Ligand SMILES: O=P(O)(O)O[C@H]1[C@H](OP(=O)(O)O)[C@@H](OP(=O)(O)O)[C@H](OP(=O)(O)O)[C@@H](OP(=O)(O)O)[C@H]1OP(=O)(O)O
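Before any questions on how it binds or moves, here is one chain, the form solved without inositol hexakisphosphate (IHP), in C-alpha cells.
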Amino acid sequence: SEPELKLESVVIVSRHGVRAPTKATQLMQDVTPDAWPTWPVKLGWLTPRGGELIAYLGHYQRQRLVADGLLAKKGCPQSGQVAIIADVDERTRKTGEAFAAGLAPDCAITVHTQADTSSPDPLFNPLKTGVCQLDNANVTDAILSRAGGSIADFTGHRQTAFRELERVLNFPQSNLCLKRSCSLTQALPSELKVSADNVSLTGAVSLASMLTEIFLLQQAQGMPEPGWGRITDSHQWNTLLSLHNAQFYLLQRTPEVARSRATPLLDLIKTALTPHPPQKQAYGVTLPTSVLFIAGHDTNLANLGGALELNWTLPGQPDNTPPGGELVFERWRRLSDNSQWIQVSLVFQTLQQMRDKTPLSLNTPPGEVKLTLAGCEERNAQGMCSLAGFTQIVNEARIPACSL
C-alpha cells in the first residue's frame, strides 16, 4: 500500500575480534607494582575465543538476514551473494573467517585481502601508504580545539578517570612513584604529535588509552580478576574506558583527520550501497551484492563516525568501538514507489555477553543502537535517510585526493 520496505543490501564494517595484547613494555611494568597476567595465545593475534565471539555474531546475522528474507534459511548462499573483505593483518583475516564460519558453517566463503599481506592495504588507511596527507596546521588547530584548548586542559578536566585508573594500578606503589603528590598525568606529560601521515598523543593519555583497553580485553577473554580484581562494578568500567574513548575522540573522530582516513571506505560503502548492474570491483569482488562484510579496526569505525556525523554510546559496552563491533549500513526499497532508504546502526556484544560468551540468536540478540545521520534532512518514519541524502552526505565528506 505505502509504508512497506524490503531489505535489498547490507554492508557491515566490523572491527576485528579480541586480540591478545603485545608483550608488556617497561613503561607498563613501571606504572604498577603488580605483574601483568600473560596471554596463552600468540601475542597480537586473534584469540580463539575472540574468533568464537565473532562466529556468534555471524550466526546472529544469518538468522536475522533470513528473517528479513535476504538469505535462504538453509544451505549456502549463492556464489557472490556474500562477500568478505579483510585488512591484511592476522586478526582481521581470521575475523573475516570466523564471521563466515558463523554465518554459513561448512560453506566455502572466501576472505578477500590484498595479495601482498606484508604491506599495508590503503583501503584501511590511505595516509599510511602516502595516497594523501593531512594538513598539519588545520589538524593541529582542530584537535587542540576539541580538546578544550590544550592537552593540559583536556587532561585536567578528566582527573576523575585518571584517578580511577591510578587506583586500579595501585599507582602510588609503583617504581614510577617510588623512584620519583604522585600524579599519572603529571608524571607522563602528554603532547600532540601531528605529521603529514599521522597524529598521536604521548604520555599519560596514550598510556591510559592503551591500559584501559587491556583491562576490557582481559574481561572479554574470560581471564579471572581483570585489573587484579580492582574493577568490580559497571561504573568503574565506564569511567576507565572513558579515557580510551577520549583519545579516539581526539585522534580518530576529529573531522579534519577522519574524512581523509576514511575516504577509501566511504567510496566502497557508497558503491556497495548504490543499486547498479553487478561488476568486478576491488579484490575481484562483485558489487552490488547481498551482504558485504569488511574486517577492519576500531580506528576505521571512529573515522566513519566522525566523517558521517554519527555519534553513539553503547549501553553495556564501555568501549565505543568494541572488538567485533559492527557499523551496519542497509539499503531498503519502498515497494510502492521504488524509493531507496539507508539505515545505519551499531551492532555489538555487551561486555557481559563477551564475558559469559553467551550465544546470540533472534531471542537473545547482541546489543544494538539505531543511528541517525546528523546531516540528513530527507528521512522516513523509521529514521532512515534517502539514498540521495546519504549519497550527498558521502560526496561532501570524502576527500578527493585520498581516493584510491
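Note that residue numbering follows the sequence shown and begins at 1.
As for the form solved in complex with inositol hexakisphosphate (IHP), it is not shown, yet the points below apply to it.
Engineer: Is inositol hexakisphosphate (IHP) in the entry with it bound close enough to 15, 22 and 91 that every residue in that trio has a heavy atom within 4.5 angstroms of it?
Structural biologist: Yes: 15, 22 and 91 each sit within 4.5 Å of inositol hexakisphosphate (IHP) in the entry with it bound.
Engineer: Taking 4.5 Å between heavy atoms as the contact cutoff, choose which of 237, 154, 248, 332 touches inositol hexakisphosphate (IHP) in the entry with it bound.
Structural biologist: So the residue touching inositol hexakisphosphate (IHP) in the entry with it bound, by this definition, is 248.
Engineer: Could you tell me which one of 182, 72, 196, 210 places a heavy atom within 4.5 Å of inositol hexakisphosphate (IHP) in the entry with it bound?
Structural biologist: So the residue touching inositol hexakisphosphate (IHP) in the entry with it bound, by this definition, is 210.
Engineer: For the interface check, one of 96 to 104, 135 to 143, 296 to 304, 262 to 270 should have non-hydrogen atoms within 4.5 Å of inositol hexakisphosphate (IHP) in the entry with it bound; which one?
Structural biologist: Comparing against inositol hexakisphosphate (IHP) in the entry with it bound, the contact stretch is 296 to 304.
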